[PDB]
Every structure is written in C-alpha cells, then in structure tokens.
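Let me begin by presenting the structure, written as structure tokens, before commenting on it.
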Amino acid sequence: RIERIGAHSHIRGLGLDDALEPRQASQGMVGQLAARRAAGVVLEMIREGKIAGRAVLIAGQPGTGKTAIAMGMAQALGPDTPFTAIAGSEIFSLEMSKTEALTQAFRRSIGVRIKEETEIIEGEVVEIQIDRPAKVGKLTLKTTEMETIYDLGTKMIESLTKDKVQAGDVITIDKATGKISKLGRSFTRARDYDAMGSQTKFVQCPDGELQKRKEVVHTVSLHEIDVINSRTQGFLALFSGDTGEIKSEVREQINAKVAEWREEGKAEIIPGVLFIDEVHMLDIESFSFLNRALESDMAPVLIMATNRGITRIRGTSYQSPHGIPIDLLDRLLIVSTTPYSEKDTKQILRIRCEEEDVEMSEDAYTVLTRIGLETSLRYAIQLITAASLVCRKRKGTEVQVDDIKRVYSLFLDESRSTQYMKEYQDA
Amino acid sequence: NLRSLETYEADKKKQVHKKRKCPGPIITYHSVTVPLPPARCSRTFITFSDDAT
Ligand SMILES: Nc1ncnc2c1ncn2[C@@H]1O[C@H](COP(=O)(O)OP(=O)(O)O)[C@@H](O)[C@H]1O
C-alpha cells in the first residue's frame, strides 16, 4: 500500500467511449484527442491480437505526453496481457549481444495460457492415525455434507509426515502427485498446550472430498526458453543475464511446441506489447534487427517513442527523421502528439494537485498555468510540490500566490539556469 | 447357510495381516477432534506398543 505517486501516477487509463470517441478529461488525461484515439485503436488491435508484427511510433515535442500516453495504454490494457516497458539503452548488455537482448524483450511480452486438469481432494482431517514402525495409516477427510476414510500408503504416509498435518487442518491434497498443501485450521488444538495459538479458517466445500476436473490455467511468457538453455534455469530467470543460449533447437523448437499446444488445445497464445522509450538510443544494428524481427508470427506490438526530428542514427554518420533509419520508420506508422494549450495545461495541473492531495487558490492555479505554459509542464508539477511543501511549513491550508512565487525563485528552470550561467563556471 | 456360502464367492483380515507383519514395537501417532458447526478442538495421542520404545 505504501507506494509513492510518480510522474505518471495521475493517469490511470486511456479515457475512451463506446465508439472510441476521445473525451476532454477522463482517467487522468487531458486534451490530445488525436493521439489518444490512435492509442485507443492500437490498444483495440493489441487486445485483438489477430495480426502480428505491428509497430507504432509516438512522436512529438518534449512534454507532450508520449510516456504519459504510453503508461495510459499500459494501464488500459490491464493484467493478463504482458506489457514490457524498456528504455532504448537497456539492450546494451556486457553479457548478451544487442540482437539477443531484443529477442529476449520480444519473447518476454508474449504469453501462453497453459491449461492443466487437476484432481484435488480436500476436507477436514478428523483422523490421521498413522502407525510408524519405529507403514500403515488412514485419513478421515470430512466435509460439510459428506465424509470418507482413505487408506494411506507408505509414500503417502511419508509425505504426510513431512508436512505436519494435525487433526482439524484444512488441506488440499493433489491426487496426481500427492503434494501436501495446508490451508489452515478449523478449530484450536486442545486449549491446553501452552503454545501454537492461531486463527480458525472456514470449513471446506461440501463436495471437496473429490474435485474431479479442477481447471487451473498456468500463465507463462515465451521467456521460458531460459528453462531449457541451462540445466539450472532459476539462476538465469532470476538474476543472471548471461543467457547467450543457442538460437537453434531452442527458439524454433519452443515455437513449434507452442504451435502444437495451440493446435491440441493445451495452451493459447496472448501477444503483449513491447514499449521502447527513447528508441532513438538504439544502434543502427538494433534497428536493422527490428526491421526483420518484426516480421515473425510471434512478434508483439512494438510501440516506440521519439523526442527528436532530423538526427543522426547512432552507430553511423548519416541522419534520418526521428533518428530511425528510413526503412523501419517507413514500415511503422507514426502518431504525432500536438502540444497542450493553456486550458489543457491548467486542467493537467489541477489533476496533478488532486493526485498529490494538495489544494491551491484560483489565482495560484492561474499563475502556475502561466509559468507552466512558459517554462514546461513537468517543471510546473515540481513547483506544485515545492509550493505545497512551503505551505505545509508555513502552517497554511492551501497554496497561495505567495508560495508559488516564492518557490519559483527558490528553484530555477533550465531557461533561467542558463541565464545565470553566464559566469563561465566551466566549459 | 448355503446361500451365504454361495454368495461369499475381508479388508479387516488384511489389516490384521498387516498387524501380524508388524515386528511389534510400533508407535502410532493418532490425533482426533474432540469437543471443548459445534465448538470443538483437536487432541493428540501417541500409543506405544511395548515399554522398550
Ligand atoms: N496529457 C497529459 N496529461 C497529464 N500530464 C501530462 C500530459 N502530457 C504530458 N504530461 C506531463 O508532462 C511531463 C512530461 O510529459 P510526458 O507525459 O513524459 O510526455 P513526453 O514523453 O512527450 O515528455 C510529465 O511529467 C507528464 O506528467
């Protein structure tokens, strides 16, 4: 519950209507109807997943809400669909090539819902009488509507001895493997032992004696390749990034078995999204790889964001729009974000204030909207926070003009920093 | 009696056989629910066959 509000916490989805009509202000967003409708339609395409290898480029001036609309789409997509957010400079690893990192990122945003039929027996253990030779045992499971006694085997008795199960424990035994899983207790333990005090759990299902076809959908991403590349996979799946596995017999074989599962009804493919923020940092080799990697059937939807116009492509000398080669730039379609006006800026500032739980006068809102239209929006939020803190220190109830104007001089913007920078501190 | 014989064409006997096969010093861990749905609690018992154990 203790998680602080970040720069994109004010947004909590992409405000859209039944007909995908964008709204002025909803779900923490304001203005920018065109790019928001583009986000809505690409999100509909993602949730459809019928087509693979689609790319979208979010372009615009800084502070136009590129990362904002990206996080909004991520939120609107909701759980059950992977959304791999990554920065352009994260692919540069000292233990795995750029192409390998891109393959990892692509396969990481693809999920397979594996269906598994289970048969679990549950109930209340009324009698767990076990005859230890130092071989024979019987279990008396009880439910709210029926009871049954089961003769325990040697291995089952040993498993029960492993996980201590006293009378009155709510357990869920899997008839397939016999794994002992304790859920709780139905009553106290004799009220006499001067220890082991806990709370009592609710009774089990009436038909819990034998659940026939308990369906559990195990969801896992296509990053499962780490499970095969090495005999010990937890080390690679948890921390180790040195996963330069062999592409042959791993990628192709896993894809083939995933197709077999999809055809045989075991699992279903759920393509996610790969959001590369500041994609301009990718080397030209990474762009050349994305050009071809984006053509596979397992290719997720590649959302990208650029904050530049004509700029040199990293790893070469010639320039291209958005710092992306002409090929990949032409392949994808671009979503331009128009700057926000004064009203939109004021509304965004008000939404941020509401998020931060801070209140300020109308004149404060006006002067702060002015300052934000002049300097920037993020700087306006910084001033919101600073003025709220100055007001709290001042013992006031709401932020007045005298606090925003004070923190404006206390904290400087880059435009004024460079102005006072004429002291030639260093070069 | 004839009908009983013809229809006989027991698990308790197999349990008694298992007991026979037991060397004799068998310790049994036994816990049952006992009263203080109705209020109740769990009680634990550990039966020792012979004094050796
Ligand atoms: N539509 C918007 N609604 C609310 N805040 C926005 C919006 N657009 C930009 N911002 C704010 O501007 C700052 C930077 O803009 P951002 O959302 O990152 O877009 P960009 O990626 O173009 O900078 C962030 O602090 C963000 O909160």
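Quick one: count up the residues across the range A:365-388 that are more than 15 Å from A:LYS343 (Cβ to Cβ), of a type outside the set (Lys, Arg) and within 13 Å of the ligand (Cβ to nearest atom).
8
Considering only residues of the range A:56-81 that are more than 7 Å from the ligand (Cβ to nearest atom) and assigned to a strand (DSSP E or B), which is surrounded by the most Cβ atoms within 10 Å (Cβ to Cβ)?
The residue in question is A:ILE58.
Determine whether the range B:42-49 contains at least one residue that is at the interface with chain A (Cβ under 7 Å from one of its Cβ atoms) and small (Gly, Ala, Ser).
Yes.
Tell me yes or no: at least one residue of the range B:4-13 is of a type in the set (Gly, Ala, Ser), in a loop (DSSP other than H, G, I, E, B) and either under 19 Å from A:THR188 (Cα atoms) or within 7 Å of chain A (Cβ to nearest Cβ) (or both).
Here is the first cut: in the range B:4-13, the residues of a type in the set (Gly, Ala, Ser) are B:4, B:10.
Add one more test, that the residue is in a loop (DSSP other than H, G, I, E, B), and what stays is B:10.
Narrowing further to those that are either under 19 Å from A:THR188 (Cα atoms) or within 7 Å of chain A (Cβ to nearest Cβ) (or both): none.
Checked against the condition, which is being of a type in the set (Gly, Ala, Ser), in a loop (DSSP other than H, G, I, E, B) and either under 19 Å from A:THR188 (Cα atoms) or within 7 Å of chain A (Cβ to nearest Cβ) (or both), the range B:4-13 yields no hits at all.
Scanning the range B:14-41 for residues that are loosely packed, with under 10 Cβ neighbours inside 10 Å and under 19 Å from A:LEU141 (Cβ atoms), which turns out farthest from the other protein chains (Cβ to nearest Cβ)?
B:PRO38
So, A:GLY396, is that one of a type outside the set (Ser, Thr, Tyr), under 19 Å from A:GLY31 (Cα atoms) and outside the structural domain of A:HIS10 (by CATH) or not? Before the answer, list the steps.
On the way: of a type outside the set (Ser, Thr, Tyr): yes; under 19 Å from A:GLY31 (Cα atoms): no; outside the structural domain of A:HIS10 (by CATH): yes.
When the stated conditions are applied, A:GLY396 does not pass them.
So which helices (runs of 4 or more DSSP H) stay within the range A:310-427 end to end and still have 1 or more residues that are among the acidic types (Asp, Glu)?
A:326-331, A:342-356, A:362-374, A:401-410, A:414-420
When you go through A:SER361, A:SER320 one by one, which is the residue that is away from the ligand (no atom under 16 Å from the Cβ), over 30 Å from A:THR103 (Cβ atoms) and surrounded by 14 or more Cβ atoms within 10 Å (Cβ to Cβ)?
A:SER361
I'm checking my understanding of the structure. Among residues of the range A:42-55 that are in a helix (DSSP H, G or I) and out of contact with any helix residue (DSSP H, G or I) (no Cβ under 9 Å at 6 or more places or on another chain), which one is farthest from the ligand (Cβ to nearest atom)? Even if it seems obvious, please write down each step before you answer.
Just the residues of the range A:42-55 that are in a helix (DSSP H, G or I), to begin with: A:42-48.
Cutting the leftovers down to out of contact with any helix residue (DSSP H, G or I) (no Cβ under 9 Å at 6 or more places or on another chain) gives us A:44-45, A:48.
Values: A:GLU44: 20, A:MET45: 22, A:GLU48: 25 Å.
Among them, the one singled out is A:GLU48.
Just a yes or no: is a residue in the range A:333-352 of a type in the set (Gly, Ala, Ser), within 15 Å of the ligand (Cβ to nearest atom) and surrounded by 18 or more Cβ atoms within 10 Å (Cβ to Cβ)?
No, the range A:333-352 contains no residue that is of a type in the set (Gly, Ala, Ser), within 15 Å of the ligand (Cβ to nearest atom) and surrounded by 18 or more Cβ atoms within 10 Å (Cβ to Cβ).
Yes/no per residue for (1) over 19 Å from A:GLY168 (Cα atoms); (2) within 12 Å of chain B (Cβ to nearest Cβ):
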residue: A:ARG113; (1), (2): yes, no
residue: A:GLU116; (1), (2): yes, no
residue: A:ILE120; (1), (2): no, no
residue: A:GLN129; (1), (2): no, yes
residue: A:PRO133; (1), (2): yes, yes
residue: A:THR140; (1), (2): no, yes
residue: A:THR144; (1), (2): no, yes
residue: A:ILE149; (1), (2): no, yes
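What is reported rests on the model, the rules as stated and the sources as named; these are not laboratory values. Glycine gets a Cβ as well: all are built from the backbone with ideal geometry, and neighbour counts include every protein chain shown.
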